[PDB]
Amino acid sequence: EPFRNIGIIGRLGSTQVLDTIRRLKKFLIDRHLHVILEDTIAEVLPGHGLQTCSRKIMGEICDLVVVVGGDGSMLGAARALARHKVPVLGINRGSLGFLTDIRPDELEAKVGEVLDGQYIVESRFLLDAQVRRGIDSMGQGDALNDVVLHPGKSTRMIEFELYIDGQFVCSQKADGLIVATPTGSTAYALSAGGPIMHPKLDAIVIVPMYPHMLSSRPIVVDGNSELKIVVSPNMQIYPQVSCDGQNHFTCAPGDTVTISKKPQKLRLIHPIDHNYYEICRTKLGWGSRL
């Protein structure tokens, strides 16, 4: 459907984000479009602008949400807007990102070209994490990048067992474990030794965090696999579970973390000019044409 009510999500960061968020406000209101603003960012804006709503509310209000900032800002908007299946459009901070595509100086050219009816709809799946004490459920969180098990208030290594589709893989002693989507394969998992996974791929990568065992290597499994991490019951370690490094749960010795694909996919919007391997060449420095 054509985009009428357009929401805006931003991050309270350097001044340039507040600059582009008003060029976007100007360019969109110029086209006689209703602009609804996030309440968590409208408390510090030029005259606070127009109507104000919350992030869970912005799903059913808006037909499109433009996120200004970087890849990190895209993670928070995705977890809330994927449930409503709202198209999401990302703006850079001048540097090309794996989730943000529009440069602040090409704002009017690329955003207008999307509103005029030339764009690509790409869907990225999220992860569903849930902690359980025997049968009782502690908490359930979503993740677009990764679900990361890591030590909680103790530098000591943690111990756990990995299960994929109820099948025992191994027990391991390490700092933790990174479970990443293709979207998150370029983030923490890449810094921990994991591979790059193309966004077309229906797969999940499991990356050990500095394992005490040198032969512990990343595994890539079917994206429809169900992961089950069992914290060591015979150890006094209380690890932490992080979803996109922003939502944190504290696990008890013996707690079980289940990770699987979320049914609701995030509807990413790109210009037709989008090229995934060009993002890799700029974000990682790969050589260009010979």
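Numbers for residues come from their place in the sequence shown, where the first is 1.
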| item | value |
| --- | --- |
| Stretch with the greater mean C-alpha B-factor as recorded in the entry, comparing 120-128 against 150-158 | 150-158 |
| Of 33-41 and 226-234, the one with larger mean CA B-factor | 33-41 |
| Criterion, highest CA B-factor; candidates, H270, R267, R281, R23 | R23 |
| Criterion, highest CA B-factor; candidates, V221, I57, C243, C251 | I57 |
| Third of the chain's Cα B-factor distribution that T100 belongs to, per the entry | middle |
| Cα B factor band for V66 (lowest, middle or highest third within the chain) | middle |
| Cα B factor band for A203 (lowest, middle or highest third within the chain) | lowest |
| Ranked against its chain, the third holding the CA B-factor of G134 | highest |
| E106 by Cα B-factor - lowest, middle or highest third of the modelled chain | highest |
